[PDB]
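Next up: just one chain, as structure tokens, the form deposited in one PDB entry.
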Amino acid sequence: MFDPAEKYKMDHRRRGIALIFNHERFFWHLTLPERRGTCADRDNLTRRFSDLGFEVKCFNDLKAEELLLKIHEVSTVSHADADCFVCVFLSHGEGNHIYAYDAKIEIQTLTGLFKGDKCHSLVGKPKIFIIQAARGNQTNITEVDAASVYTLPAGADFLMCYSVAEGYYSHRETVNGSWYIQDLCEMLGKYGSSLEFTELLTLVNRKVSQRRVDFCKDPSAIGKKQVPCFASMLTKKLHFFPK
């Protein structure tokens, strides 16, 4: 019988794995600026997801090959005992690509590793990608980057979450971290274990979009609004109730 309020079964032994790929520096040949404040983001995300029951694993400044290797490895182990899978990318990006330390990687090749055919044990389970990546511009300072990464979906039961949409600007405080991640972690901390996750993501939309850009320490950044977005191909309601 069709249930209008059906929920993903979050009954399994483990919540699941949460991967964080953190990129603060890039090979000089790429000519990309450092991302000060990204370590605050990584730490913030680690605490939130960990409190949600996730097994969190972080990797700092991996080369492209090492990154592919690691995520392929994760995609080929069994997730039969897990509720879901989370993957977070903290870097710069361009169009369909995100930057590793030495080269860029296609987002689709990363998400494709978890598509039903390649990862049977995640079939029918939420696969959540959180992407903080924009165009690298070539005390607590706020750095403003233009949106650059296409806010695309990824397949059934995938949820793709983006820090910023085309036409808007991503912000990152060198001490406090990224606007998007801060607001995301805040909402996770307060409401993560009760609220339906796309409703929580909507709160993050509101929170970030309301951050005022009329008076900036840097007059260059005045009026450069930030609005996030998410592209959902989930098929059920997603909650992270305490296990």
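Shifts are known only where both forms have a C-alpha. We number the residues from 1 along the sequence you see. Whichever C-alpha set is largest while still superposing within 1.5 Å between the two forms counts as the rigid core.
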TODO: Can you check if, in at least a third of the other PDB entries compared, residue 170 has no modelled coordinates?
DONE: no
Open item on the list: One third of the other compared structures is the cut-off here: is residue 78 left unmodelled in that many or more?
Closed with: no
Open item on the list: So residue 76 and residue 77 are neighbours in the shown sequence, but is anything from the deposited sequence left out between them? Give the count as none, 1 to 3, 4 to 9, or 10 or more.
Closed with: none
Task: Given 227-235 and 5-13, the range whose Cα B-factors average higher in the PDB entry - done: 5-13
Task: Mean C-alpha temperature factor, higher of 212-220 and 41-49 - done: 212-220
Task: From 163, 111, 138, 96, residue of greatest CA B-factor - done: 138
- [ ] Go through 198, 182, 31, 205 one by one and give the residue whose Cα B-factor in the PDB entry is largest.
- [x] 31
Task: B-factor third for the C-alpha atom of residue 116 within its chain - done: highest
Open item on the list: When the deposited Cα B-factors of this chain's modelled residues are ordered and cut into thirds, is residue 156 in the lowest, the middle or the highest one?
Closed with: middle
TODO: Can you work out whether the C-alpha temperature factor of residue 35 puts it in the lowest, middle or highest third of the chain?
DONE: lowest
Task: CA B-factor placement of residue 123, once the chain's modelled residues are sorted into thirds - done: middle
TODO: Check where residue 144 lands among this chain's C-alpha B-factors and tell me if it's the lowest, middle or highest third.
DONE: middle
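Omitted here: the form deposited with a partner chain bound. The next part is about that form.
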TODO: Please check if residue 144 has a heavy atom lying within 4.5 Å of any heavy atom of the partner chain in the deposited complex.
DONE: no
- [ ] Answer yes if any heavy atom of residue 59 is within 4.5 Å of a heavy atom of the partner chain in the deposited complex; otherwise answer no.
- [x] no
Task: residue 105: touches the partner chain in the deposited complex, heavy atom cutoff 4.5 angstroms - done: yes
- [ ] Flag residue 47 as yes or no: does it have a non-hydrogen atom within 4.5 angstroms of any non-hydrogen atom of the partner chain in the deposited complex?
- [x] no
TODO: Give the consecutive runs of 3+ residues, present in both forms, in which every C-alpha shifts by 2 Å or more between the shown form and the other one after rigid core superposition.
DONE: 213-216
